[PDB]
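**Student:** Coordinates in final_25.cif, mmCIF, C-alpha atoms and all ligand atoms, are listed below.
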data_protein
#
loop_
_atom_site.label_atom_id
_atom_site.label_comp_id
_atom_site.auth_asym_id
_atom_site.auth_seq_id
_atom_site.Cartn_x
_atom_site.Cartn_y
_atom_site.Cartn_z
CA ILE R 6 -4.72 27.54 -49.95
CA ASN R 7 -3.91 26.05 -46.58
CA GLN R 8 -6.72 23.71 -47.62
CA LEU R 9 -3.85 21.77 -49.32
CA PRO R 10 -1.93 18.71 -48.04
CA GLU R 11 1.33 19.23 -46.20
CA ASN R 12 3.21 17.38 -48.94
CA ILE R 13 1.66 19.52 -51.69
CA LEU R 14 2.32 22.75 -49.81
CA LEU R 15 5.96 21.65 -49.64
CA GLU R 16 6.06 21.12 -53.41
CA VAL R 17 4.85 24.70 -54.03
CA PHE R 18 7.56 26.00 -51.69
CA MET R 19 10.12 24.11 -53.74
CA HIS R 20 9.40 26.34 -56.76
CA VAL R 21 9.81 29.60 -54.78
CA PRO R 22 13.15 31.47 -54.95
CA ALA R 23 14.89 30.76 -51.67
CA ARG R 24 15.58 34.37 -50.69
CA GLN R 25 11.85 34.99 -51.22
CA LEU R 26 10.81 31.80 -49.47
CA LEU R 27 12.73 32.81 -46.32
CA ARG R 28 12.21 36.54 -45.83
CA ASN R 29 8.59 36.64 -47.07
CA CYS R 30 6.94 33.20 -46.89
CA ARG R 31 8.20 32.36 -43.42
CA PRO R 32 6.57 35.31 -41.56
CA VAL R 33 3.25 34.53 -43.28
CA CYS R 34 2.15 32.10 -40.55
CA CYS R 35 3.38 29.31 -38.31
CA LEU R 36 1.83 26.75 -40.65
CA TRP R 37 4.19 27.97 -43.40
CA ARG R 38 7.24 28.85 -41.28
CA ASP R 39 7.35 25.34 -39.81
CA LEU R 40 7.36 23.77 -43.28
CA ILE R 41 9.88 26.15 -44.85
CA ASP R 42 12.44 25.41 -42.13
CA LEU R 43 12.04 21.67 -42.71
CA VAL R 44 15.25 20.02 -43.94
CA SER R 45 13.38 18.00 -46.53
CA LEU R 46 12.41 21.21 -48.32
CA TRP R 47 16.06 22.07 -48.93
CA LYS R 48 17.17 18.48 -49.63
CA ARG R 49 14.51 18.26 -52.32
CA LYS R 50 15.46 21.68 -53.63
CA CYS R 51 19.02 20.43 -54.02
CA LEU R 52 17.63 17.21 -55.49
CA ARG R 53 15.52 18.97 -58.11
CA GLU R 54 18.09 21.67 -58.85
CA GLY R 55 20.69 18.92 -59.35
CA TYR R 56 23.07 19.95 -56.56
CA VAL R 57 22.62 16.54 -54.91
CA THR R 58 22.26 13.09 -56.43
CA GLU R 59 20.27 10.36 -54.67
CA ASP R 60 23.63 8.65 -54.10
CA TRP R 61 24.60 11.73 -52.14
CA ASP R 62 26.89 10.06 -49.63
CA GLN R 63 28.42 13.13 -47.92
CA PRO R 64 27.04 14.77 -44.75
CA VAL R 65 26.08 18.43 -44.47
CA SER R 66 25.56 20.17 -41.16
CA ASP R 67 23.07 22.57 -42.77
CA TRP R 68 21.07 22.16 -45.98
CA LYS R 69 19.82 25.72 -46.29
CA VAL R 70 23.39 27.04 -46.41
CA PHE R 71 24.53 24.10 -48.49
CA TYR R 72 21.76 24.86 -50.97
CA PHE R 73 22.83 28.50 -51.36
CA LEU R 74 26.53 27.70 -51.68
CA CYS R 75 25.72 25.29 -54.52
CA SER R 76 23.38 27.71 -56.24
CA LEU R 77 25.82 30.63 -55.97
CA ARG R 78 28.79 28.41 -56.90
CA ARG R 79 30.16 29.91 -60.13
CA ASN R 80 33.23 31.69 -61.52
CA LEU R 81 33.23 35.22 -60.14
CA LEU R 82 35.84 36.39 -62.70
CA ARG R 83 34.17 38.13 -65.63
CA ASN R 84 35.50 37.75 -69.17
CA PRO R 85 38.08 35.18 -68.03
CA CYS R 86 38.87 33.98 -71.56
CA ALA R 87 39.16 37.21 -73.53
CA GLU R 88 35.91 36.67 -75.44
CA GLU R 89 34.68 40.22 -74.78
CA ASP R 90 38.08 41.73 -75.55
CA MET R 91 39.09 43.43 -72.30
CA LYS R 92 35.75 44.15 -70.62
CA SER R 93 35.41 44.35 -66.82
CA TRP R 94 39.10 43.79 -66.22
CA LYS R 95 40.87 46.66 -64.54
CA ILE R 96 44.27 47.32 -66.09
CA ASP R 97 46.60 48.06 -63.17
CA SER R 98 49.64 48.37 -65.50
CA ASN R 99 49.62 48.54 -69.34
CA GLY R 100 53.22 48.72 -70.47
CA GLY R 101 55.02 48.53 -73.80
CA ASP R 102 52.60 47.70 -76.53
CA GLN R 103 49.33 47.27 -74.82
CA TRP R 104 47.56 44.33 -73.25
CA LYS R 105 46.18 42.48 -76.24
CA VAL R 106 43.88 39.56 -77.11
CA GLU R 107 44.98 36.77 -79.45
CA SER R 108 43.35 33.59 -80.70
CA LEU R 109 44.86 30.31 -79.65
CA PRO R 110 47.40 28.90 -80.13
CA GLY R 111 49.06 32.07 -81.46
CA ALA R 112 52.55 32.48 -82.91
CA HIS R 113 55.10 30.04 -81.47
CA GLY R 114 52.48 28.87 -79.00
CA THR R 115 50.70 25.66 -78.10
CA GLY R 116 47.01 24.89 -77.88
CA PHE R 117 45.07 25.31 -74.68
CA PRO R 118 44.21 21.92 -73.10
CA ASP R 119 40.53 22.85 -72.80
CA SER R 120 38.90 22.68 -76.22
CA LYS R 121 36.43 25.30 -74.96
CA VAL R 122 39.09 28.05 -74.73
CA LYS R 123 39.72 30.07 -77.90
CA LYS R 124 41.36 33.40 -77.10
CA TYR R 125 43.86 34.61 -74.50
CA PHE R 126 45.17 37.86 -73.08
CA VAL R 127 48.82 38.61 -73.78
CA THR R 128 51.39 41.12 -72.50
CA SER R 129 54.24 43.21 -73.91
CA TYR R 130 57.79 44.37 -73.23
CA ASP R 131 56.95 46.23 -69.99
CA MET R 132 54.80 45.41 -66.97
CA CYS R 133 51.20 44.59 -67.96
CA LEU R 134 48.90 43.65 -65.10
CA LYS R 135 45.13 43.36 -65.02
CA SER R 136 42.78 42.59 -62.17
CA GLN R 137 39.29 42.27 -60.79
CA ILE R 138 37.99 42.99 -57.30
CA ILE R 139 35.16 40.60 -56.45
CA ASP R 140 32.74 42.14 -53.99
CA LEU R 141 31.59 38.98 -52.21
CA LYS R 142 28.33 40.27 -50.74
CA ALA R 143 27.15 41.79 -54.03
CA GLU R 144 27.61 38.35 -55.61
CA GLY R 145 25.24 36.87 -52.99
CA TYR R 146 27.62 35.62 -50.29
CA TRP R 147 26.21 37.03 -47.08
CA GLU R 148 28.29 37.99 -44.08
CA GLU R 149 27.69 35.24 -41.52
CA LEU R 150 28.47 32.69 -44.22
CA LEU R 151 31.85 34.31 -44.77
CA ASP R 152 32.76 34.71 -41.13
CA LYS R 153 31.03 31.81 -39.33
CA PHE R 154 31.24 29.10 -42.05
CA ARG R 155 34.17 30.12 -44.26
CA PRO R 156 33.57 28.08 -47.44
CA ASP R 157 36.81 27.08 -49.20
CA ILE R 158 37.60 29.74 -51.81
CA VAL R 159 39.40 28.29 -54.83
CA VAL R 160 41.36 30.36 -57.33
CA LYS R 161 42.94 29.26 -60.62
CA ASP R 162 44.72 30.75 -63.63
CA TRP R 163 46.46 29.54 -66.79
CA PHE R 164 49.49 30.94 -68.52
CA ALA R 165 51.83 30.10 -71.37
CA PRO R 166 54.82 31.70 -73.08
CA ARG R 167 55.73 32.11 -76.70
CA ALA R 168 58.55 29.81 -77.72
CA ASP R 169 60.87 32.40 -79.31
CA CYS R 170 61.12 34.72 -76.29
CA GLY R 171 61.48 34.61 -72.52
CA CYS R 172 59.18 36.35 -70.04
CA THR R 173 57.90 36.52 -66.46
CA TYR R 174 54.48 35.69 -65.05
CA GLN R 175 53.14 37.24 -61.84
CA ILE R 176 49.86 36.60 -60.01
CA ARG R 177 48.42 37.88 -56.74
CA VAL R 178 45.13 36.76 -55.23
CA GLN R 179 44.08 38.39 -52.00
CA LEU R 180 41.09 38.14 -49.68
CA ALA R 181 40.38 41.61 -48.40
CA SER R 182 38.30 42.84 -45.48
CA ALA R 183 35.43 45.30 -45.72
CA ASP R 184 38.16 47.98 -45.33
CA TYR R 185 40.03 46.53 -48.32
CA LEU R 186 42.61 45.23 -45.82
CA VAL R 187 44.44 42.07 -46.86
CA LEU R 188 43.64 39.08 -44.59
CA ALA R 189 45.00 36.28 -46.81
CA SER R 190 47.43 36.54 -49.72
CA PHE R 191 48.39 34.05 -52.40
CA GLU R 192 51.70 35.54 -53.62
CA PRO R 193 53.65 32.78 -55.35
CA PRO R 194 57.19 33.61 -56.46
CA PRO R 195 57.17 35.20 -59.92
CA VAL R 196 58.02 32.73 -62.65
CA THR R 197 60.59 33.65 -65.29
CA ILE R 198 60.97 31.34 -68.22
CA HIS R 199 63.72 31.58 -70.77
CA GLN R 200 63.78 31.69 -74.57
CA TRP R 201 63.24 28.65 -76.80
CA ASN R 202 60.83 26.94 -74.43
CA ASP R 203 58.06 24.43 -75.09
CA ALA R 204 55.36 27.15 -74.89
CA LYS R 205 53.20 24.92 -72.68
CA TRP R 206 50.13 26.19 -70.86
CA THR R 207 50.36 25.78 -67.12
CA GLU R 208 47.63 25.93 -64.52
CA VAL R 209 48.25 27.73 -61.25
CA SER R 210 45.74 27.11 -58.46
CA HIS R 211 45.45 27.75 -54.72
CA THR R 212 42.63 27.06 -52.26
CA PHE R 213 41.89 29.40 -49.38
CA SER R 214 40.79 27.31 -46.35
CA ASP R 215 40.13 28.49 -42.79
CA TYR R 216 40.87 32.08 -43.72
CA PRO R 217 40.20 34.75 -41.09
CA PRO R 218 36.67 36.05 -40.66
CA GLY R 219 35.90 39.34 -42.36
CA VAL R 220 36.62 38.52 -46.00
CA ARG R 221 34.41 40.76 -48.10
CA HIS R 222 36.44 40.94 -51.33
CA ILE R 223 38.56 38.57 -53.39
CA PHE R 224 41.12 40.58 -55.38
CA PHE R 225 42.68 38.82 -58.37
CA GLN R 226 45.63 40.20 -60.35
CA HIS R 227 48.07 38.86 -62.92
CA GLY R 228 50.16 39.77 -65.95
CA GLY R 229 53.83 40.03 -66.78
CA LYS R 230 56.28 41.25 -69.39
CA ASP R 231 58.94 39.77 -71.59
CA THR R 232 62.57 39.55 -70.67
CA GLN R 233 64.13 40.63 -73.94
CA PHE R 234 62.60 44.14 -74.51
CA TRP R 235 60.83 43.23 -77.76
CA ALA R 236 58.18 45.26 -79.52
CA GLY R 237 54.96 43.33 -79.71
CA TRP R 238 53.53 40.68 -77.42
CA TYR R 239 56.26 38.31 -76.37
CA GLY R 240 55.30 38.60 -72.70
CA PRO R 241 53.27 35.87 -70.99
CA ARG R 242 49.81 34.85 -72.16
CA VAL R 243 47.01 34.16 -69.69
CA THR R 244 43.48 32.86 -69.98
CA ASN R 245 40.85 30.81 -68.18
CA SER R 246 41.22 32.45 -64.78
CA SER R 247 38.63 31.44 -62.18
CA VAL R 248 37.49 32.18 -58.63
CA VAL R 249 34.84 29.83 -57.23
CA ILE R 250 33.46 29.47 -53.71
CA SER R 251 32.70 25.79 -52.98
CA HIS R 252 30.16 24.13 -50.69
CA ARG R 253 32.80 22.83 -48.26
CA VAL R 254 32.97 24.87 -45.07
CA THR R 255 35.68 24.60 -42.46
CA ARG R 256 33.34 25.52 -39.61
CA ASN R 257 29.94 23.96 -38.97
CA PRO R 258 28.56 26.28 -36.27
CA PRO R 259 25.81 23.87 -35.22
CA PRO O 2 -8.62 2.28 -78.45
CA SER O 3 -10.34 3.93 -75.48
CA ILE O 4 -11.67 3.85 -71.88
CA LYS O 5 -14.53 5.70 -70.18
CA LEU O 6 -13.86 7.69 -67.03
CA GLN O 7 -16.81 8.96 -65.00
CA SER O 8 -16.69 12.02 -62.77
CA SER O 9 -17.82 12.49 -59.17
CA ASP O 10 -21.12 13.92 -60.48
CA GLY O 11 -21.82 11.34 -63.17
CA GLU O 12 -20.58 12.85 -66.44
CA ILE O 13 -18.77 10.27 -68.55
CA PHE O 14 -15.62 11.14 -70.49
CA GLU O 15 -14.29 8.69 -73.06
CA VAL O 16 -10.53 8.77 -73.60
CA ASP O 17 -7.89 6.77 -75.42
CA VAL O 18 -6.04 4.64 -72.91
CA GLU O 19 -2.53 5.87 -73.67
CA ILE O 20 -3.52 9.37 -72.53
CA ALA O 21 -5.41 8.05 -69.51
CA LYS O 22 -2.41 5.99 -68.41
CA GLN O 23 -0.54 9.14 -67.31
CA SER O 24 -2.69 9.01 -64.18
CA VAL O 25 -0.78 6.45 -62.12
CA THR O 26 -3.73 5.94 -59.77
CA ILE O 27 -5.90 4.83 -62.70
CA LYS O 28 -3.26 2.86 -64.53
CA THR O 29 -3.32 0.89 -61.28
CA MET O 30 -7.13 1.08 -61.24
CA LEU O 31 -7.04 -0.37 -64.73
CA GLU O 32 -4.91 -3.35 -63.68
CA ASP O 33 -7.80 -4.36 -61.42
CA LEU O 34 -10.69 -3.49 -63.73
CA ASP O 43 -18.22 -0.26 -67.31
CA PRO O 44 -16.94 3.31 -66.97
CA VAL O 45 -14.28 3.57 -64.26
CA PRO O 46 -15.54 6.04 -61.60
CA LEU O 47 -13.57 8.88 -59.94
CA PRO O 48 -15.67 10.29 -57.07
CA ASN O 49 -12.93 12.72 -55.98
CA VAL O 50 -13.01 14.60 -59.30
CA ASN O 51 -15.98 16.58 -60.49
CA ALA O 52 -16.73 16.68 -64.20
CA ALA O 53 -15.19 20.13 -64.72
CA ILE O 54 -11.75 19.33 -63.28
CA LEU O 55 -11.89 15.89 -64.88
CA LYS O 56 -11.99 17.61 -68.27
CA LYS O 57 -9.18 20.08 -67.57
CA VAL O 58 -7.19 17.03 -66.52
CA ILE O 59 -7.78 15.05 -69.71
CA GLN O 60 -7.40 18.28 -71.67
CA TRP O 61 -3.88 18.57 -70.29
CA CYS O 62 -3.13 14.86 -70.55
CA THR O 63 -4.09 14.78 -74.21
CA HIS O 64 -1.88 17.82 -74.75
CA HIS O 65 1.12 15.84 -73.42
CA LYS O 66 0.04 12.49 -74.85
CA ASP O 67 3.60 12.14 -76.20
CA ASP O 68 6.46 14.20 -74.82
CA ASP O 83 13.03 24.68 -66.05
CA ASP O 84 10.54 27.13 -67.62
CA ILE O 85 6.77 26.77 -68.09
CA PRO O 86 5.41 26.00 -71.57
CA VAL O 87 3.18 28.69 -72.99
CA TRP O 88 0.37 26.17 -73.56
CA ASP O 89 0.49 25.18 -69.92
CA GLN O 90 0.40 28.88 -69.07
CA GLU O 91 -2.65 29.81 -71.14
CA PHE O 92 -4.29 26.59 -69.95
CA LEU O 93 -3.68 27.56 -66.33
CA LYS O 94 -5.10 31.09 -66.63
CA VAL O 95 -8.01 29.90 -64.53
CA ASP O 96 -9.44 31.29 -61.33
CA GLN O 97 -7.65 30.49 -58.10
CA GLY O 98 -10.06 27.89 -56.74
CA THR O 99 -9.88 25.94 -60.01
CA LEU O 100 -6.12 26.00 -59.76
CA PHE O 101 -6.36 24.44 -56.26
CA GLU O 102 -8.86 21.78 -57.32
CA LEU O 103 -6.48 21.09 -60.21
CA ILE O 104 -3.47 20.35 -57.99
CA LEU O 105 -5.64 18.24 -55.67
CA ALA O 106 -6.85 16.32 -58.72
CA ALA O 107 -3.25 15.98 -59.91
CA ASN O 108 -2.36 14.52 -56.50
CA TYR O 109 -5.45 12.28 -56.48
CA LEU O 110 -4.81 11.01 -60.00
CA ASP O 111 -0.97 11.00 -59.59
CA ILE O 112 -0.30 12.83 -62.83
CA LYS O 113 3.13 13.90 -61.64
CA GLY O 114 3.46 16.34 -64.54
CA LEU O 115 0.24 18.25 -63.95
CA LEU O 116 1.13 18.52 -60.27
CA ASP O 117 4.44 20.28 -61.01
CA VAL O 118 3.05 22.72 -63.58
CA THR O 119 0.17 23.73 -61.31
CA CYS O 120 2.34 23.97 -58.20
CA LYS O 121 5.05 25.94 -60.01
CA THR O 122 2.24 28.31 -61.02
CA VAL O 123 1.19 28.85 -57.40
CA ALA O 124 4.82 29.60 -56.51
CA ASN O 125 4.83 32.33 -59.16
CA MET O 126 1.85 33.96 -57.47
CA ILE O 127 3.95 33.89 -54.30
CA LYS O 128 6.86 35.70 -55.95
CA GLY O 129 7.07 39.43 -55.41
CA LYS O 130 4.58 39.59 -52.54
CA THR O 131 5.22 40.59 -48.91
CA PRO O 132 4.43 38.34 -45.92
CA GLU O 133 1.10 40.21 -45.80
CA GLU O 134 0.53 40.49 -49.56
CA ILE O 135 0.86 36.71 -49.79
CA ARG O 136 -1.62 36.32 -46.90
CA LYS O 137 -4.09 38.56 -48.78
CA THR O 138 -4.10 37.04 -52.28
CA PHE O 139 -4.55 33.60 -50.70
CA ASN O 140 -6.43 34.66 -47.52
CA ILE O 141 -4.90 32.87 -44.58
CA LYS O 142 -5.12 34.36 -41.09
CA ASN O 143 -2.14 35.82 -39.25
CA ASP O 144 -0.86 33.05 -36.96
CA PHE O 145 1.94 34.90 -35.14
CA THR O 146 1.80 37.56 -32.42
CA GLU O 147 4.89 39.73 -32.91
CA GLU O 148 7.19 36.78 -33.60
CA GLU O 149 7.00 37.88 -37.24
CA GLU O 150 9.91 40.09 -36.18
CA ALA O 151 11.55 36.90 -34.98
CA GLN O 152 10.54 35.34 -38.34
CA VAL O 153 11.39 37.99 -40.95
CA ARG O 154 14.73 39.00 -39.40
CA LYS O 155 15.72 35.38 -38.65
CA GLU O 156 16.67 34.88 -42.30
CA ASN O 157 16.09 38.44 -43.54
CA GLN O 158 19.33 39.19 -41.69
CA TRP O 159 20.99 38.37 -45.03
CA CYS O 160 18.46 38.50 -47.90
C1 LIG Q 1 60.71 47.64 -77.52
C2 LIG Q 1 61.47 47.55 -78.82
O1 LIG Q 1 61.19 48.24 -79.78
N1 LIG Q 1 62.46 46.64 -78.81
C3 LIG Q 1 63.35 46.31 -79.88
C4 LIG Q 1 63.24 44.85 -80.37
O2 LIG Q 1 61.92 44.55 -80.76
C5 LIG Q 1 64.29 44.50 -81.43
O3 LIG Q 1 64.55 43.12 -81.33
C6 LIG Q 1 63.85 42.33 -82.31
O4 LIG Q 1 62.54 42.10 -81.90
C7 LIG Q 1 61.71 41.33 -82.74
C8 LIG Q 1 60.33 41.38 -82.09
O5 LIG Q 1 60.10 42.63 -81.46
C9 LIG Q 1 62.30 39.93 -82.90
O6 LIG Q 1 61.72 39.23 -83.96
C10 LIG Q 1 61.27 37.90 -83.56
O7 LIG Q 1 62.25 36.90 -83.76
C11 LIG Q 1 61.89 35.54 -83.62
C12 LIG Q 1 63.07 34.60 -83.91
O8 LIG Q 1 64.31 35.26 -83.77
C13 LIG Q 1 65.40 34.52 -84.45
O9 LIG Q 1 65.11 33.14 -84.81
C14 LIG Q 1 64.72 32.69 -86.12
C15 LIG Q 1 65.23 31.27 -86.31
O10 LIG Q 1 64.28 30.41 -85.72
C16 LIG Q 1 65.12 33.58 -87.31
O11 LIG Q 1 64.28 33.31 -88.42
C17 LIG Q 1 64.92 35.05 -86.92
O12 LIG Q 1 65.30 35.92 -87.96
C18 LIG Q 1 65.75 35.39 -85.68
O13 LIG Q 1 67.13 35.15 -85.84
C19 LIG Q 1 60.65 35.15 -84.43
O14 LIG Q 1 60.04 33.99 -83.91
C20 LIG Q 1 59.53 36.20 -84.40
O15 LIG Q 1 58.64 36.07 -85.48
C21 LIG Q 1 57.50 35.27 -85.15
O16 LIG Q 1 56.43 36.07 -84.73
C22 LIG Q 1 55.99 37.05 -85.64
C23 LIG Q 1 55.00 37.82 -84.82
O17 LIG Q 1 55.62 38.00 -83.57
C24 LIG Q 1 55.31 36.37 -86.81
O18 LIG Q 1 55.01 37.27 -87.84
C25 LIG Q 1 56.25 35.35 -87.41
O19 LIG Q 1 55.50 34.43 -88.18
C26 LIG Q 1 57.07 34.52 -86.41
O20 LIG Q 1 56.37 33.37 -85.99
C27 LIG Q 1 60.02 37.67 -84.39
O21 LIG Q 1 60.31 38.20 -85.66
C28 LIG Q 1 63.76 40.00 -83.29
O22 LIG Q 1 64.42 38.77 -83.16
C29 LIG Q 1 64.55 40.97 -82.44
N2 LIG Q 1 65.83 41.10 -83.05
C30 LIG Q 1 66.97 40.77 -82.44
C31 LIG Q 1 68.17 40.99 -83.31
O23 LIG Q 1 67.06 40.36 -81.29
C32 LIG Q 1 65.63 45.15 -81.11
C33 LIG Q 1 66.65 45.24 -82.21
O24 LIG Q 1 67.54 46.24 -81.77
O25 LIG Q 1 65.47 46.47 -80.61
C34 LIG Q 1 64.79 46.40 -79.40
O26 LIG Q 1 65.07 47.47 -78.57
#
Is it possible to express this structure as structure tokens?
**Tutor:**
Amino acid sequence: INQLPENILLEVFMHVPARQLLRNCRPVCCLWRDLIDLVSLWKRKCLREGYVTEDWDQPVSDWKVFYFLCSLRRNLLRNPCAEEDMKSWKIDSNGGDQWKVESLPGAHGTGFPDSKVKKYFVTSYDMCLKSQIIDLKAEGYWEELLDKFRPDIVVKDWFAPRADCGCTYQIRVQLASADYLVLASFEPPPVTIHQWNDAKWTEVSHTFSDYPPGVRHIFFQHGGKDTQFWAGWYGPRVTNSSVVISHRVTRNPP
Amino acid sequence: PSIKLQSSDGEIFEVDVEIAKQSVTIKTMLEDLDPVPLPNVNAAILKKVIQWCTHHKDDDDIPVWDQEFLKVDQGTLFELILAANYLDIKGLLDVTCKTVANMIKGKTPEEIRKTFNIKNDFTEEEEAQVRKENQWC
């Protein structure tokens, strides 16, 4: 097997899952370890995987990390667009008539600007809040990445009213320590909108940069209620909520 | 509409030229040049090569055909990738290499060293080599 050319040995390593290639293939021998830790392995992994185009044009201080960040990069919020009803959301408050799903654009509502989005969650005449608590390590983001590199964590959500009724939208996104202690908090002022509005969907987004070290969880919560005390679902509607950890770090330890 | 390739040990294989062209290093050989000779390929691997090239004469995962075709013994698999490199059939090289990587999956630093039989190069720096990245995998 080590009968093979150095270039060909590299090409085999390309097709090996990275977590395997590092904790198993590297302690096999020096001949292998030297090649696995070669930057051109990871560059070409990114190349083949599509993370990097040959017009790449933007430096990285580390291609192993950069490769993982790109591979892991994905929305950590499950069921963000109400396609599985209410699965994997925790319902912190369920007031009035319950949290409910509804196809777009719904009564006295407008269409969602992304043609991909079909359904939305909607809230009632008393406080309805739902949430998820993203365990960062379980999703593949290992510790020294979170503390020593701190890749920009980006959070988004979308919300619209009905036209015939006023309501209030609330959202909290927090980065919590291993102890579930809050270390960064996106807590925008709650938004109340009145009755006979344009029912327009609105994106809210905030990027966590240079947050403290020790983030182990991203906690994401939103919901609302109407401001007329109406039976049914005249509270705010939300859909398309995302949390994504990008490849940009604030700290390049080398 | 064919050409004759001749293996390292003399056997002549006649092939259409469109299939044979997939080997870059003999499309180039053909620009220069009665059977073209390939003394780095013995007759056996020469056939498995043209067997695969005819199967992709006109064209993520691995195809099932390419999987049944590659259910060969391990030394044939290695000759096959060396032939793919020699002949510059960039497709055959990736299928065969990807296959070797799938043998690598699931095995320990020792269990890899067994099923391929390389000798342990380190001393106790394996500790320095597992934990270096095993710290987070
Ligand atoms: C918690 C609780 O039980 N609270 C109750 C209240 O619900 C109740 O107040 C009434 O609440 C209902 C909804 O719960 C309201 O009905 C909606 O009204 C709007 C429009 O309202 C006016 O405007 C129209 C002119 O454009 C007129 O046609 C209409 O009659 C009204 O004058 C409608 O847009 C809604 O209907 C839309 O949605 C429904 C589904 O939601 C669809 O079927 C329809 O196609 C339509 O698109 C609602 O019907 C109603 O206005 C409230 N009534 C008042 C008087 O305020 C209240 C009464 O006491 O009691 C609370 O405690």
**Student:** Which residues of chain R sit at most 7 Å from ligand LIG 1 (chain Q), using all atoms listed in the file? Give each one's shortest atom pair and distance in Å (one decimal place), in chain and ascending residue order, as a Markdown table.
**Tutor:**
| residue | atom | partner | partner_atom | distance |
| --- | --- | --- | --- | --- |
| R:101 | CA | Q:LIG1 | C1 | 6.9 |
| R:112 | CA | Q:LIG1 | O20 | 5.0 |
| R:113 | CA | Q:LIG1 | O20 | 5.8 |
| R:130 | CA | Q:LIG1 | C1 | 6.1 |
| R:169 | CA | Q:LIG1 | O14 | 4.9 |
| R:234 | CA | Q:LIG1 | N1 | 5.0 |
| R:235 | CA | Q:LIG1 | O2 | 3.5 |
| R:236 | CA | Q:LIG1 | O5 | 3.8 |
| R:237 | CA | Q:LIG1 | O5 | 5.5 |
**Student:** If we count all atoms listed in the file, which residues of chain O reach to within 6 Å of chain R? Please list them as a list in words.
**Tutor:**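 Output check: residues 120, 121, 124, 131, 132, 143, 144, 149, 152, 153, 156, 157, 159 and 160 of chain O.
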**Student:** Distance atom CA of residue R:46-atom CA of residue R:11, one decimal place?
**Tutor:**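 Value for the atom CA of residue R:46-atom CA of residue R:11 distance: 11.5 Å.
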**Student:** Within 9 Å of residue O:63, counting only C-alpha atoms, which residues qualify if same-chain residues fewer than 5 places away don't, as a ChimeraX atom specification?
**Tutor:** /O:16-17,20-21,58
**Student:** What does the distance from atom CA of residue R:243 to atom CA of residue R:170 come to in Å, to one decimal?
**Tutor:**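 Between these atoms lies a distance of 15.6 Å.
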**Student:** Quick one: distance from atom CA of residue R:105 to atom CA of residue R:87 in Å, one decimal?
**Tutor:**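 These atoms are spaced 9.2 Å apart.
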**Student:** Find the smallest box with edges along x, y and z containing every listed atom of stretch 132-145 of chain O, then add 8 Å on each side and report centre and edge lengths in Å to one decimal, as JSON.
**Tutor:**
{"center_x": -1.0, "center_y": 36.7, "center_z": -43.7, "size_x": 26.9, "size_y": 23.6, "size_z": 33.1}
**Student:** My list of candidates is O:45, O:93, O:115, O:106. Which is closest to residue O:11 when distances are computed with all atoms listed in the file?
**Tutor:**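 Selected residue with least distance to residue O:11: O:45.
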**Student:** Residues within 7 Å of residue R:224, please, as JSON, numbers by chain. Count only C-alpha atoms; anything in the same chain fewer than 2 positions from it doesn't count.
**Tutor:** {"R": [137, 138, 139, 178, 179, 180, 222, 226]}
**Student:** Closest to residue O:110 among O:12, O:23, O:3, O:87, using all atoms listed in the file?
**Tutor:**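 Going through O:12, O:23, O:3, O:87 one by one, the smallest distance to residue O:110 is for O:23.
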**Student:** Give as a ChimeraX atom specification every residue, naming chains and numbers as the document does, that has an atom within 7 Å of (19.6, 22.8, -47.9), counting all atoms listed in the file.
**Tutor:** /R:44,47-48,51,67-72
**Student:** Hey, can you spit out that residue selection with C-alpha atoms as a short mmCIF file (atom, residue, chain, number, x, y, z; two decimals), keeping the file's coordinate frame?
**Tutor:**
data_model
loop_
_atom_site.label_atom_id
_atom_site.label_comp_id
_atom_site.auth_asym_id
_atom_site.auth_seq_id
_atom_site.Cartn_x
_atom_site.Cartn_y
_atom_site.Cartn_z
CA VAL R 44 15.25 20.02 -43.94
CA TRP R 47 16.06 22.07 -48.93
CA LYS R 48 17.17 18.48 -49.63
CA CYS R 51 19.02 20.43 -54.02
CA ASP R 67 23.07 22.57 -42.77
CA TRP R 68 21.07 22.16 -45.98
CA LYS R 69 19.82 25.72 -46.29
CA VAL R 70 23.39 27.04 -46.41
CA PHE R 71 24.53 24.10 -48.49
CA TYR R 72 21.76 24.86 -50.97
#
